[PDB]
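Inspection log for the structure reproduced underneath, given as structure tokens.
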Amino acid sequence: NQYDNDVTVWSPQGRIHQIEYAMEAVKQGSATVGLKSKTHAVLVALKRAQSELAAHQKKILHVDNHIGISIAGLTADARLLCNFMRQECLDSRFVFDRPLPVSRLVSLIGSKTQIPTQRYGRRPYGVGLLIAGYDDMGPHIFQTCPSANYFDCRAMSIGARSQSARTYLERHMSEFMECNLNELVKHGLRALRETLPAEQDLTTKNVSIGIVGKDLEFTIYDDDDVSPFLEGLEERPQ
Amino acid sequence: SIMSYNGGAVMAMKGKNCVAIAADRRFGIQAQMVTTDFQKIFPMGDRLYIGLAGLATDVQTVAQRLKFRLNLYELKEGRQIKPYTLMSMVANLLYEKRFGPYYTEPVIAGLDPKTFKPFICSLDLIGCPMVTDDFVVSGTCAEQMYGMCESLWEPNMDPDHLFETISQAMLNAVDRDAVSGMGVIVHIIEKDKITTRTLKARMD
Amino acid sequence: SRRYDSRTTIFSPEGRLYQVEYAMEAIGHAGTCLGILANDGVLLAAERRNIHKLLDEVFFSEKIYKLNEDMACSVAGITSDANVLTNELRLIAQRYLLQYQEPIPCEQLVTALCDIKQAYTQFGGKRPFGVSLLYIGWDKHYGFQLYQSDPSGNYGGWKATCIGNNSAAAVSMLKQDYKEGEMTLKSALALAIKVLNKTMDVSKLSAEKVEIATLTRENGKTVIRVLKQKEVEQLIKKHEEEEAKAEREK
Amino acid sequence: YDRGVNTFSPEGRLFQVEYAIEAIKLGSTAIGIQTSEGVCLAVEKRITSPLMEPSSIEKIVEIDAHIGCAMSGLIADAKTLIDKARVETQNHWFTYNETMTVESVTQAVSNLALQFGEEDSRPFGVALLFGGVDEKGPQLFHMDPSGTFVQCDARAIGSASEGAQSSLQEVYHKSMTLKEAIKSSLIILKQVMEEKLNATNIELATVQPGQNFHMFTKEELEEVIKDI
Amino acid sequence: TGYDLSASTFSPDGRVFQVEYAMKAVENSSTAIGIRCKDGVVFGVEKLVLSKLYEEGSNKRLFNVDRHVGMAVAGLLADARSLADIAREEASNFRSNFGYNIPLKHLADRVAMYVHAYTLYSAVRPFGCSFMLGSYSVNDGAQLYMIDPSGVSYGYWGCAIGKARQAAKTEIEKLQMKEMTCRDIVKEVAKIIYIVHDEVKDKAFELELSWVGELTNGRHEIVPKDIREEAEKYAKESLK
Amino acid sequence: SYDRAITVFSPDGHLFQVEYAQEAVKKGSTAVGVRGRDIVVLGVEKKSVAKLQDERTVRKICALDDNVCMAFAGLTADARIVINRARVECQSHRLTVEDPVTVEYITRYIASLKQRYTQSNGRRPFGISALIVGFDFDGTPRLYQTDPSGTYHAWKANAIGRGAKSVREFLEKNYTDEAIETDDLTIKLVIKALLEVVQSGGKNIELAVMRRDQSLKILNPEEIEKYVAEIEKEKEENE
Amino acid sequence: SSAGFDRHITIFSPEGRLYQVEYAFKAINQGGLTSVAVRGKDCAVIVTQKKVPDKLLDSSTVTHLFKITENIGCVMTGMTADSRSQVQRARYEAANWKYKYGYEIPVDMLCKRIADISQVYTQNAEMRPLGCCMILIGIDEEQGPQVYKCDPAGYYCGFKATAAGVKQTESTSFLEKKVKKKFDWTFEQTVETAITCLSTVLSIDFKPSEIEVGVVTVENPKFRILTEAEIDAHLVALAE
Amino acid sequence: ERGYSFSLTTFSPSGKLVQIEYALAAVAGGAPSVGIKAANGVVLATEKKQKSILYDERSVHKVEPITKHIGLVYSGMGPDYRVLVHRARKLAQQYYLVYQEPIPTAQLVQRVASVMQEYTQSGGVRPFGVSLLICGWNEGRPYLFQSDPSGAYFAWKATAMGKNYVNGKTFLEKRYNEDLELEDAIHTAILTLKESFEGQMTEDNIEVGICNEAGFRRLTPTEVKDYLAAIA
């Protein structure tokens, strides 16, 4: 147990436990699912209430006109990476006068989160960022982790009880490349409804859906515009 | 010039077993005097004086900075300061302001603390030491002071004739100067005592 | 790191200080210094440590440090730590003279040191000064003065004080024999040699084991007289003569 | 060890942040309620001595002429938060000629609380309630030492805040009025404190759209007590 | 054991266990091998698919440091990304100060001294990475290097980094690598990967082959094995 | 268990090293202070001269500016830094803003300087508590107090030091809602309050008053002995 | 005794000892290596073996003989990573002498400056004290050849016959019996005792391709590494 | 780096400094030495034996000059000595750059002891393990001082540091007097070093430096062989 104190201290098994504990902070937050077609990349999150009459905490937040991210984990590390995220997006607009390629922006994050996972004096960032974007070669779905690894993927679900969402995505990933937004969005939010206890339903007040498109700027819909998306659904087989 | 802003004249002269130093008394801006009691000779220990001439700011400034370093020297060591040691101390203080220099030219006169050996030297405004055996002069009316000392100085002189020689050298040269005058004070020191006299000069 | 650090800054659960009380006890296991006022003077006395017969003593002063021109100080505690404070304190008294061209008036010199000695008990993890030391001097405003520095930073203006656990019985003696009002130099020197007769347990009071320095305001000069060992001898024999009167009553 | 200054749990949060929530529990209670007519607010002073001056204890301060406040927990750390909350709403008027909205105040306030450590020390021990009338009508917000910022419609924080929030969710509905919500709040106050409810125990704070003045009632509050 | 906390402390017998602990963290990573022929260097990495949602070419371990220099990392992948950016930055200053390409013998010295500096202070930890360096030139030929987490760096003809470090170099040394061409090497690298535990107790995998030498005119790029698929056609015939 | 740091919290949310600084205040001599109609007054106890020292260097009552006073407790070293710092701020305020300094402004400086002095590690907090009394802000008498946590606060009658709980309970049954006019009556309230001293020797009380227009008026041990006589004159009505 | 943290950091123990530096004295001994230097004549000879356990491991990138300047060569024992970083300071500060002072650095002056860097790591804490050892040779004009040796503690000396690595106590005992009749050291008497000491302490009687020989001589003062052919010439010359 | 900045020395509850008392134990287990102040000079001597017959003697010196009239020896551990030697060289030139005059031996010990003070109080460093003996003939009278790793200093007539110093302390007290010559002082300085030496004493086992008024001078082995040539 004496090796379980700092980021610097290695173990006699070769595993640093402080990085292994920051993965556990990702499982505290709620579930969120991102996926993409050939032309459209949609990530869908799940709000959580604090009390019975407070507003629900937002998950999806706009970054750039072609980049939007989701969140899972500490809200302190959330806005701290967002302010680093927005600063790098407008520097390429100010210098190069082009939007950033999405694949090389995430490489700046892995260089950003590597220093506080090696030097003493700062904990690792407990955060579960899902990233959707548009470079010149189509849509992308990215995830990160507090071990500073970033994974390109075509579908991903992270957060609380998100293993049941992964099983739905693996047996329907062959259908995702062809279908358009009227069902591609509700292919995604059929995966959230297995990350729920079996007695309540995904309502209009606890879900956010963000869409960025090839000809569409990144747009966040919540609590009023979810009703054209929740129409035309079946119930759970209970 | 900047040296000619307030005037001044400091002369030192070596005798047989004694040494003398003299200066003027006039304080003033370029053509307007202010007072006739401006001190330009400062005691730095017994039997060892220093004279300053030039810009009246740096006269009062360096004499306080040198007093700052002398008292710290005479407490780390129980002895007093040697006259060669003070010359190296002043030359260090002027050279630190190599490009921001003080506008003064110091004249150091005094005896040895152990023996009776006199010592005279003068420095430039950036700290070039220059020891002699007969006299050193500094101030605005320098060229008049060389004309009097080259003709009146004798090698081995009692304190009687040494006082009379430095008196006639200061009176006849400063009266030729315009921005210096209004009284001359003379210090003559020796092994046994210190004598200070003021002279009857022209007050115009 | 964290497990290598010393405390030096942490209160007790009852509120007392952990390291400051320790440094105030090491001074009691050290030399003895005292002072006494007079109507026209002030004096200091000291105890010689390491009186081995292969030393030189060429400094003319070991416990006494003539600090500005009209002030001196004894010292007690860690001798290696003591040289830092004296070179600073002469340097505080000398930058005052550069600033006003008037000597330092013997109180705000002490508070200038007592703020420096205090600051190591506060911020910064550092070792405090284990040195208490005396003060003598003269000013325009009050005259002859004594002061009592502490590792905590406290100072007090005393009429007759000394060191504690080494010579704490002297303070009980000074309350019995120091009479107020008349305390002149010949009366104060004979009072001082009586005290060190008891506290220093060496019999007959060998003159190589003591050290006495005085200060008299004399014709506008304020001399500081470190009196030589030749006149320590007859000062002892004057007190040695007082035993002959002390046996007449019995 | 046992989770010292900056080290993750094997399961969840930092316990220094978790113990910062517990420091609010030894504070003083306070209730804020949002109504479409305006934002009412209340607090308990907890005055100990009669020689102790009553009007020196502040809990409602004035951040700006349309933004009120409420605090609980540590008073010593709350004076740091109120200081820059007054400054950076004033910097916004200097460079934009307009009033900063109520939500974007606490954006700047929640940046500074998430800065404990040695980077360029300890977390804070104070929760806050912010009332105000921006361009979207009246608003009410709440923050914690964890930086978790959220909008509430009616919120009670401080000591005995758990028993306050249970009965408070029954008496609230969407169509309240401001004259109704003030007496609806102080009934909850005298049921959670122990002293007799008078004009020296509590104080009120109301902000309106047309009445951006008068964020502090003073001895008109004596009329409200005798009416209930 | 006990004093094994800091990297700036010695054992009572004279070794640092924090360097020893980080070496066998590289042991748990999958096998990446390297080999050079007489006119080139051929890399090869066994890389396993995480579950299914990997998108066929993500998070690769065949980097590209310079115009003629690339890496074959294994171990903690995030720690190798920060270490690869040092070698990208180090080769740029040699260009800007001397005007020509970095020699591989000088490049491996600059990197290994940088890895050495994280094994001395108590504030930082040693790296958890080991990697390969291969290059080709006309005045120097082909070279192949090897850097451990401690910082020891010298040259090989062939190597392996991962679980099967010993189990791969047993059958590397039975090749006549001194005279083969690096087109015949590519079909021989793929069978070394597929012999030792490609998907036996694991789930799945995908082969990556990097490539530098005389046929690329000094360039470093991935193989056109996608073209004609000949590595898997020749290695899967070794089932019996 | 866990304290040994000013940045760590307890499992029930406490700062014990801050709370231990208030325990050092209770080792000090008691000092009381009330405000009145025009004349404010504060007194201290426990002089205890030791037969061989000068008593003008043990002073516990100082003035920051011309119309504000100071009384403290705790340990003598940390008070000297706070006093010397507060003299600078109440003088540099006058240079930047040409008004005199209010009594409320100088207490926020002392509290905020003690505030940031608690936050950073390796900075031992001040173990003193202070009483700031001044009828300076446009003819209005006020008195505040401080705390080692850094919380400035206003009372109308105050007691600190070793035995403050008895005196503060005494003044609640004694400070009349009838305002103590004829200000020698208000001074006699303090001498009656300081009569419950740790030993009550009578000649160990150093009362200092201020008539809100003049400077500080340190009382002599002949005028204060007259007020001790009339306190025994009112005590003759018990029989 | 273990008082405070004397077994962990560089502080004094009771009885004036300190353990974190004398743990570094047997930090050399994990190399499995032994180096011998002999001064007898107007020449100076280094001899040190190589240990090649792998046929995939190269031959030219094994050499412990390091060329500091043209007239100064050295050999390194101990662990490899601390050894090459120590040489980077020795190559650096030998050139600062030429720049600041305008002539070639003496071998005596350089061994001072290297040991002064190892001083501060013992003096200051949280700084690991470089568990390796350095032996120098060179020609000084009007002084003949010299052999110096540096310690991790910062201690240096100059002496005629040197052993290092693992087997000092057996080799230095052999050389005192050798250097007590000061016979004619004639540049082959020096090389033969440099071989026959190591060939009897290790007791191998080895093949011509496992050692290196560094040499410097009053005639050709350049540092010079011997060739495998002429190493074999001296090896068969002692076959009597 | 981090910037840790904490000292490794605090007070005991008894009031003693623990690590400084441990550093004097490493001083007492060093090579022995002796220094004698005569009526016209100061004599320094030391014990320089190699662990082998291989070690050259013309490489490392024990008696070491500071100025041309100031020398300095030690008893403790080897490599810590060369730090403060090079520190005292640069310090002694700074007096000469200001005052144009060679430094007196009293003023040098005022500043070298302040350097040894600074490693005892500052953060994370350890105190020295070397005591010194500092000599010199300035202003007629010669001087002989001794500085310890605590930071204090003294002024001896004759003393001995190193191993068996309590035996040499009694032997110098029973042999020295008020005055001798310098040539008589070296004779009683080897006879106190012959007390604790090994079975053989040659020109290369001891090493002697002197201080005449003509300046500082360390002796070549020609004189030291001729001095121990049957004159004890």
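Ordering of the structure tokens sets the chain letters (A, B, ...), residue numbers begin anew at 1 in every chain, and ligands are numbered from 1 in the order given.
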Kindly assemble as JSON lines a list of the chain D residues that lie within 12 Å of chain F, each paired with its nearest atom pair and their distance in Å to one decimal, using only C-alpha atoms, sorted first by chain and then by ascending residue number.
```
{"residue": "D:1", "atom": "CA", "partner": "F:2", "partner_atom": "CA", "distance": 10.1}
{"residue": "D:2", "atom": "CA", "partner": "F:2", "partner_atom": "CA", "distance": 9.8}
{"residue": "D:3", "atom": "CA", "partner": "F:8", "partner_atom": "CA", "distance": 10.3}
{"residue": "D:4", "atom": "CA", "partner": "F:8", "partner_atom": "CA", "distance": 7.4}
{"residue": "D:5", "atom": "CA", "partner": "F:8", "partner_atom": "CA", "distance": 6.4}
{"residue": "D:6", "atom": "CA", "partner": "F:8", "partner_atom": "CA", "distance": 9.9}
{"residue": "D:14", "atom": "CA", "partner": "F:9", "partner_atom": "CA", "distance": 11.7}
{"residue": "D:15", "atom": "CA", "partner": "F:11", "partner_atom": "CA", "distance": 8.4}
{"residue": "D:16", "atom": "CA", "partner": "F:9", "partner_atom": "CA", "distance": 6.4}
{"residue": "D:17", "atom": "CA", "partner": "F:9", "partner_atom": "CA", "distance": 9.0}
{"residue": "D:18", "atom": "CA", "partner": "F:11", "partner_atom": "CA", "distance": 8.7}
{"residue": "D:19", "atom": "CA", "partner": "F:13", "partner_atom": "CA", "distance": 5.5}
{"residue": "D:20", "atom": "CA", "partner": "F:13", "partner_atom": "CA", "distance": 6.3}
{"residue": "D:21", "atom": "CA", "partner": "F:13", "partner_atom": "CA", "distance": 7.8}
{"residue": "D:22", "atom": "CA", "partner": "F:13", "partner_atom": "CA", "distance": 5.3}
{"residue": "D:23", "atom": "CA", "partner": "F:13", "partner_atom": "CA", "distance": 4.3}
{"residue": "D:24", "atom": "CA", "partner": "F:13", "partner_atom": "CA", "distance": 8.1}
{"residue": "D:25", "atom": "CA", "partner": "F:13", "partner_atom": "CA", "distance": 8.5}
{"residue": "D:26", "atom": "CA", "partner": "F:13", "partner_atom": "CA", "distance": 8.3}
{"residue": "D:27", "atom": "CA", "partner": "F:13", "partner_atom": "CA", "distance": 10.8}
{"residue": "D:47", "atom": "CA", "partner": "F:155", "partner_atom": "CA", "distance": 11.2}
{"residue": "D:48", "atom": "CA", "partner": "F:155", "partner_atom": "CA", "distance": 11.1}
{"residue": "D:49", "atom": "CA", "partner": "F:172", "partner_atom": "CA", "distance": 7.9}
{"residue": "D:50", "atom": "CA", "partner": "F:172", "partner_atom": "CA", "distance": 7.0}
{"residue": "D:51", "atom": "CA", "partner": "F:156", "partner_atom": "CA", "distance": 5.1}
{"residue": "D:52", "atom": "CA", "partner": "F:155", "partner_atom": "CA", "distance": 4.4}
{"residue": "D:53", "atom": "CA", "partner": "F:155", "partner_atom": "CA", "distance": 4.8}
{"residue": "D:54", "atom": "CA", "partner": "F:155", "partner_atom": "CA", "distance": 8.5}
{"residue": "D:55", "atom": "CA", "partner": "F:154", "partner_atom": "CA", "distance": 8.7}
{"residue": "D:56", "atom": "CA", "partner": "F:154", "partner_atom": "CA", "distance": 5.9}
{"residue": "D:57", "atom": "CA", "partner": "F:153", "partner_atom": "CA", "distance": 7.7}
{"residue": "D:58", "atom": "CA", "partner": "F:153", "partner_atom": "CA", "distance": 10.2}
{"residue": "D:73", "atom": "CA", "partner": "F:13", "partner_atom": "CA", "distance": 10.1}
{"residue": "D:74", "atom": "CA", "partner": "F:151", "partner_atom": "CA", "distance": 9.8}
{"residue": "D:75", "atom": "CA", "partner": "F:151", "partner_atom": "CA", "distance": 7.2}
{"residue": "D:76", "atom": "CA", "partner": "F:151", "partner_atom": "CA", "distance": 5.8}
{"residue": "D:77", "atom": "CA", "partner": "F:115", "partner_atom": "CA", "distance": 8.2}
{"residue": "D:78", "atom": "CA", "partner": "F:151", "partner_atom": "CA", "distance": 10.5}
{"residue": "D:79", "atom": "CA", "partner": "F:112", "partner_atom": "CA", "distance": 8.9}
{"residue": "D:80", "atom": "CA", "partner": "F:112", "partner_atom": "CA", "distance": 9.0}
{"residue": "D:83", "atom": "CA", "partner": "F:112", "partner_atom": "CA", "distance": 11.4}
{"residue": "D:116", "atom": "CA", "partner": "F:7", "partner_atom": "CA", "distance": 9.7}
{"residue": "D:117", "atom": "CA", "partner": "F:7", "partner_atom": "CA", "distance": 9.4}
{"residue": "D:118", "atom": "CA", "partner": "F:120", "partner_atom": "CA", "distance": 9.4}
{"residue": "D:121", "atom": "CA", "partner": "F:120", "partner_atom": "CA", "distance": 6.1}
{"residue": "D:122", "atom": "CA", "partner": "F:7", "partner_atom": "CA", "distance": 5.0}
{"residue": "D:123", "atom": "CA", "partner": "F:7", "partner_atom": "CA", "distance": 8.0}
{"residue": "D:124", "atom": "CA", "partner": "F:7", "partner_atom": "CA", "distance": 10.0}
{"residue": "D:125", "atom": "CA", "partner": "F:13", "partner_atom": "CA", "distance": 8.3}
{"residue": "D:126", "atom": "CA", "partner": "F:13", "partner_atom": "CA", "distance": 11.2}
```
Export C-alpha atoms of the chosen residues as a PDB file, in the first residue's frame?
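Contents of the output file out.pdb:
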```
ATOM      1  CA  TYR D   1      -1.057   8.892   3.879  1.00  0.00           C
ATOM      2  CA  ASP D   2      -4.803   8.209   4.091  1.00  0.00           C
ATOM      3  CA  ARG D   3      -5.558  10.642   1.225  1.00  0.00           C
ATOM      4  CA  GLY D   4      -3.581  13.767   2.039  1.00  0.00           C
ATOM      5  CA  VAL D   5      -3.346  16.996   0.042  1.00  0.00           C
ATOM      6  CA  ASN D   6      -3.629  16.002  -3.646  1.00  0.00           C
ATOM      7  CA  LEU D  14     -10.559  13.911  -3.761  1.00  0.00           C
ATOM      8  CA  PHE D  15     -11.283  13.845  -0.047  1.00  0.00           C
ATOM      9  CA  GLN D  16      -9.944  17.373   0.450  1.00  0.00           C
ATOM     10  CA  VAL D  17     -12.747  18.516  -1.845  1.00  0.00           C
ATOM     11  CA  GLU D  18     -15.107  16.059  -0.132  1.00  0.00           C
ATOM     12  CA  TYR D  19     -14.224  17.454   3.302  1.00  0.00           C
ATOM     13  CA  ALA D  20     -14.750  20.978   1.957  1.00  0.00           C
ATOM     14  CA  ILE D  21     -18.442  20.150   1.504  1.00  0.00           C
ATOM     15  CA  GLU D  22     -18.679  19.161   5.179  1.00  0.00           C
ATOM     16  CA  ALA D  23     -17.363  22.563   6.322  1.00  0.00           C
ATOM     17  CA  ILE D  24     -20.548  24.166   4.955  1.00  0.00           C
ATOM     18  CA  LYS D  25     -22.620  22.058   7.389  1.00  0.00           C
ATOM     19  CA  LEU D  26     -21.323  24.071  10.370  1.00  0.00           C
ATOM     20  CA  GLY D  27     -22.432  27.314   8.688  1.00  0.00           C
ATOM     21  CA  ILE D  47     -26.161  36.410  16.966  1.00  0.00           C
ATOM     22  CA  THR D  48     -24.569  35.199  20.201  1.00  0.00           C
ATOM     23  CA  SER D  49     -24.220  38.221  22.497  1.00  0.00           C
ATOM     24  CA  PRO D  50     -26.297  41.385  22.972  1.00  0.00           C
ATOM     25  CA  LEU D  51     -23.032  43.340  23.192  1.00  0.00           C
ATOM     26  CA  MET D  52     -22.158  41.761  19.849  1.00  0.00           C
ATOM     27  CA  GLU D  53     -23.401  44.313  17.341  1.00  0.00           C
ATOM     28  CA  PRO D  54     -26.167  42.902  15.110  1.00  0.00           C
ATOM     29  CA  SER D  55     -25.685  44.857  11.872  1.00  0.00           C
ATOM     30  CA  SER D  56     -21.999  43.926  11.585  1.00  0.00           C
ATOM     31  CA  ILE D  57     -22.787  40.345  10.552  1.00  0.00           C
ATOM     32  CA  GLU D  58     -23.378  40.403   6.812  1.00  0.00           C
ATOM     33  CA  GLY D  73     -19.762  28.340   6.075  1.00  0.00           C
ATOM     34  CA  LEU D  74     -16.418  30.092   6.425  1.00  0.00           C
ATOM     35  CA  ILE D  75     -16.681  33.869   6.616  1.00  0.00           C
ATOM     36  CA  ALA D  76     -12.897  34.271   6.304  1.00  0.00           C
ATOM     37  CA  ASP D  77     -12.762  32.773   2.797  1.00  0.00           C
ATOM     38  CA  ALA D  78     -15.985  34.385   1.554  1.00  0.00           C
ATOM     39  CA  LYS D  79     -14.535  37.913   1.629  1.00  0.00           C
ATOM     40  CA  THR D  80     -12.032  36.856  -1.046  1.00  0.00           C
ATOM     41  CA  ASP D  83     -14.024  40.970  -3.734  1.00  0.00           C
ATOM     42  CA  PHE D 116      -5.888  25.152  -5.231  1.00  0.00           C
ATOM     43  CA  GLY D 117      -2.417  23.644  -5.027  1.00  0.00           C
ATOM     44  CA  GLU D 118       1.073  24.817  -5.929  1.00  0.00           C
ATOM     45  CA  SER D 121      -3.240  26.524  -1.957  1.00  0.00           C
ATOM     46  CA  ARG D 122      -6.154  24.900  -0.120  1.00  0.00           C
ATOM     47  CA  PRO D 123      -9.755  24.607  -1.347  1.00  0.00           C
ATOM     48  CA  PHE D 124     -12.437  26.910  -0.011  1.00  0.00           C
ATOM     49  CA  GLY D 125     -15.090  26.220   2.610  1.00  0.00           C
ATOM     50  CA  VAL D 126     -18.005  28.377   1.489  1.00  0.00           C
TER      51      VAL D 126
END
```
(message) Can you pull out every residue from segment 56-221 of chain C that DSSP, working from the backbone, puts in strand (DSSP E or B), and format the result as an NGL selection string?
(response) :C and (65-66 or 72-73 or 76-77 or 131-132 or 134-137 or 145-148 or 158 or 160-161 or 210-216)
Identify, on the basis of only C-alpha atoms, every residue whose closest approach to residue 164 of chain D does not exceed 10 Å; exclude the query and any residue fewer than 4 positions from it along the same chain; express the result as a compact mmCIF listing (two decimals) with C-alpha atoms, in the first residue's frame.
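Written output follows (part_1.txt):
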```txt
# COMPACT_ATOMS: atom_id res chain seq x y z
CA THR D 29 -28.79 28.43 7.04
CA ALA D 30 -30.10 30.48 4.12
CA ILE D 31 -32.97 30.14 1.64
CA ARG D 155 -32.44 26.28 -2.84
CA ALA D 156 -31.55 26.14 0.84
CA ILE D 157 -27.95 25.71 2.02
CA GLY D 158 -26.13 25.77 5.33
CA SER D 159 -26.79 23.98 8.60
CA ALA D 160 -29.97 21.84 8.59
CA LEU D 168 -39.35 23.22 0.48
CA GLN D 169 -40.13 21.00 -2.53
CA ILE D 188 -39.57 27.16 6.71
CA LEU D 189 -37.08 29.32 8.67
CA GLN D 191 -39.38 25.41 11.62
CA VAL D 192 -35.64 24.74 11.23
```
(request) Tell me, as a PyMOL selection string, which residues lie within 12 Å of residue 207 of chain A, counting only C-alpha atoms; anything in the same chain fewer than 4 positions away does not count. (result) chain A and resi 30-33+43-49+56-60+188-189+192-193+201-203+220-227+229-230
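Relative to atom CA of residue 157 of chain G, atom CA of residue 54 of chain H is found at 10.6 Å.
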For chain A versus chain C, which residues have an atom no more than 12 Å away, and what is each residue's nearest atom pair and distance in Å rounded to one decimal, using only C-alpha atoms, chain-then-number order, as a Markdown table?
```
| residue | atom | partner | partner_atom | distance |
| --- | --- | --- | --- | --- |
| A:6 | CA | C:1 | CA | 11.4 |
| A:8 | CA | C:1 | CA | 11.9 |
| A:120 | CA | C:1 | CA | 9.8 |
| A:121 | CA | C:1 | CA | 10.5 |
```
Write the residues of the selection above to a file with N, CA, C and O atoms, as an mmCIF file, in the first residue's frame.
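Printed below is part_38.cif as written:
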```cif
data_model
loop_
_atom_site.group_PDB
_atom_site.id
_atom_site.type_symbol
_atom_site.label_atom_id
_atom_site.label_comp_id
_atom_site.auth_asym_id
_atom_site.auth_seq_id
_atom_site.Cartn_x
_atom_site.Cartn_y
_atom_site.Cartn_z
ATOM 1 N N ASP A 6 1.872 8.247 -4.865
ATOM 2 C CA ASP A 6 2.291 9.303 -5.772
ATOM 3 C C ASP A 6 2.304 8.797 -7.205
ATOM 4 O O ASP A 6 2.250 7.594 -7.473
ATOM 5 N N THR A 8 4.867 9.455 -9.189
ATOM 6 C CA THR A 8 6.258 9.153 -9.505
ATOM 7 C C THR A 8 6.625 7.717 -9.138
ATOM 8 O O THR A 8 7.418 7.079 -9.840
ATOM 9 N N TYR A 120 5.907 15.454 -10.291
ATOM 10 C CA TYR A 120 5.217 15.570 -9.014
ATOM 11 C C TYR A 120 4.713 16.992 -8.823
ATOM 12 O O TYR A 120 5.367 17.956 -9.230
ATOM 13 N N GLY A 121 3.530 17.114 -8.232
ATOM 14 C CA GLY A 121 2.975 18.415 -7.933
ATOM 15 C C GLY A 121 1.640 18.695 -8.591
ATOM 16 O O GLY A 121 1.070 19.771 -8.394
#
```
Using only C-alpha atoms, which chain H residues lie at most 7 Å away from chain B, written as a PDB file with C-alpha atoms, in the first residue's frame?
```pdb
ATOM      1  CA  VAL H  98      39.494  46.286  -3.347  1.00  0.00           C
ATOM      2  CA  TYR H  99      42.334  47.232  -1.015  1.00  0.00           C
ATOM      3  CA  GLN H 100      45.460  46.507  -3.165  1.00  0.00           C
TER       4      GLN H 100
END
```
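Proximity ranking of C:93, C:82, C:33, C:27 relative to chain B places C:93 first, based on only C-alpha atoms.
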